[PDB]
Amino acid sequence: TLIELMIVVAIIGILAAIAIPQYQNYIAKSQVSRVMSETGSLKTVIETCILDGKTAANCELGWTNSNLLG
Amino acid sequence: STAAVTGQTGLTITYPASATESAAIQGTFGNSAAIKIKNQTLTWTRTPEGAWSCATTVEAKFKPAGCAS
């Protein structure tokens, strides 16, 4: 039954040689999208400051730290 | 306050000393005004015959229909 074991080895080699579809393109994109949201949430603050005439020091940001520095 | 001196720096009154000159009420934006219109001015002018009119140096799109002159 050596041929059966060699077929098993061939199947194992075939399965191990699967092509990874470059997942880096996904994760990073999602991360960027998340930043595109968070910084966007600051817009409604800044405009309300600018249309009010307040200075940079007087403009209060409701910002909380994000695990992504962006 | 008074016509000669007012309690606000951004409001000025040009009072006529005779019947041969007009009267003016000038107001310059600031403080809580928008940054875009921070230093613009809006004035009401009264002719010696008693006719009132409004004018402003702000951009046209910000002008109301009553002061679009």
# chains A, B, ... in the order shown; residues from 1 in each chain; ligands from 1
$ interface_residues --of "chain A" --to "chain B" --cutoff "12 Å" --atoms "only C-alpha atoms" --output "ChimeraX atom specification"
/A:47-55
$ write_last_selection --atoms "C-alpha atoms" --output "short mmCIF file (atom, residue, chain, number, x, y, z; two decimals), in the first residue's frame"
data_model
loop_
_atom_site.label_atom_id
_atom_site.label_comp_id
_atom_site.auth_asym_id
_atom_site.auth_seq_id
_atom_site.Cartn_x
_atom_site.Cartn_y
_atom_site.Cartn_z
CA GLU A 47 -16.89 74.26 10.96
CA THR A 48 -18.97 75.11 14.02
CA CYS A 49 -15.85 76.71 15.48
CA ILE A 50 -14.93 78.59 12.30
CA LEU A 51 -18.46 79.89 11.74
CA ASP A 52 -18.47 80.98 15.40
CA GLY A 53 -15.22 82.96 15.21
CA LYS A 54 -13.52 81.08 18.04
CA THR A 55 -9.75 80.70 18.11
#
$ select_by_dssp --residues "chain B" --states "strand (DSSP E)" --output "ChimeraX atom specification"
/B:11-14,23-28,41-46,52-56
$ write_last_selection --atoms "N, CA and C atoms" --output "tab-separated table (two decimals), in the first residue's frame"
chain	number	residue	atom	x	y	z
B	11	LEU	N	-19.53	99.54	16.74
B	11	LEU	CA	-20.66	100.34	16.30
B	11	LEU	C	-20.29	101.81	16.38
B	12	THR	N	-20.47	102.53	15.27
B	12	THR	CA	-20.17	103.95	15.20
B	12	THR	C	-21.37	104.69	14.63
B	13	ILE	N	-21.60	105.91	15.14
B	13	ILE	CA	-22.68	106.77	14.67
B	13	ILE	C	-22.06	108.05	14.13
B	14	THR	N	-22.34	108.35	12.86
B	14	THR	CA	-21.95	109.60	12.24
B	14	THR	C	-23.18	110.50	12.23
B	23	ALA	N	-26.63	111.20	7.61
B	23	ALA	CA	-26.38	110.51	8.87
B	23	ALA	C	-26.02	109.06	8.58
B	24	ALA	N	-25.18	108.47	9.43
B	24	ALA	CA	-24.70	107.12	9.19
B	24	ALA	C	-24.70	106.30	10.47
B	25	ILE	N	-25.05	105.03	10.35
B	25	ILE	CA	-24.92	104.05	11.42
B	25	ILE	C	-24.09	102.90	10.87
B	26	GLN	N	-22.86	102.76	11.35
B	26	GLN	CA	-21.90	101.80	10.82
B	26	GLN	C	-21.65	100.71	11.85
B	27	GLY	N	-21.61	99.46	11.38
B	27	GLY	CA	-21.29	98.34	12.25
B	27	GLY	C	-20.33	97.37	11.61
B	28	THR	N	-19.20	97.12	12.27
B	28	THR	CA	-18.19	96.20	11.77
B	28	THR	C	-18.31	94.88	12.52
B	41	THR	N	-18.23	95.35	6.95
B	41	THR	CA	-19.01	96.40	7.57
B	41	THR	C	-20.39	96.49	6.92
B	42	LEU	N	-21.38	96.84	7.74
B	42	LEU	CA	-22.74	97.08	7.28
B	42	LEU	C	-23.20	98.44	7.79
B	43	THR	N	-23.76	99.25	6.90
B	43	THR	CA	-24.11	100.62	7.24
B	43	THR	C	-25.53	100.95	6.82
B	44	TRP	N	-26.17	101.80	7.61
B	44	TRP	CA	-27.43	102.44	7.27
B	44	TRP	C	-27.18	103.93	7.07
B	45	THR	N	-27.56	104.44	5.91
B	45	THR	CA	-27.33	105.83	5.54
B	45	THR	C	-28.66	106.55	5.39
B	46	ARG	N	-28.79	107.69	6.06
B	46	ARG	CA	-29.98	108.53	5.99
B	46	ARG	C	-29.62	109.82	5.25
B	52	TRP	N	-33.81	106.58	4.10
B	52	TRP	CA	-32.90	105.59	4.66
B	52	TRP	C	-32.57	104.52	3.62
B	53	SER	N	-31.34	104.02	3.69
B	53	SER	CA	-30.90	102.96	2.80
B	53	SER	C	-29.85	102.12	3.52
B	54	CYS	N	-29.64	100.91	3.02
B	54	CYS	CA	-28.70	99.97	3.62
B	54	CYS	C	-27.63	99.58	2.62
B	55	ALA	N	-26.41	99.38	3.12
B	55	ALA	CA	-25.30	98.95	2.29
B	55	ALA	C	-24.39	98.06	3.12
B	56	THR	N	-23.59	97.25	2.43
B	56	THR	CA	-22.67	96.36	3.10
B	56	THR	C	-21.54	95.98	2.15
$ atom_distance --atom1 "CA of residue 63 in chain B" --atom2 "CA of residue 40 in chain B"
11.6 Å
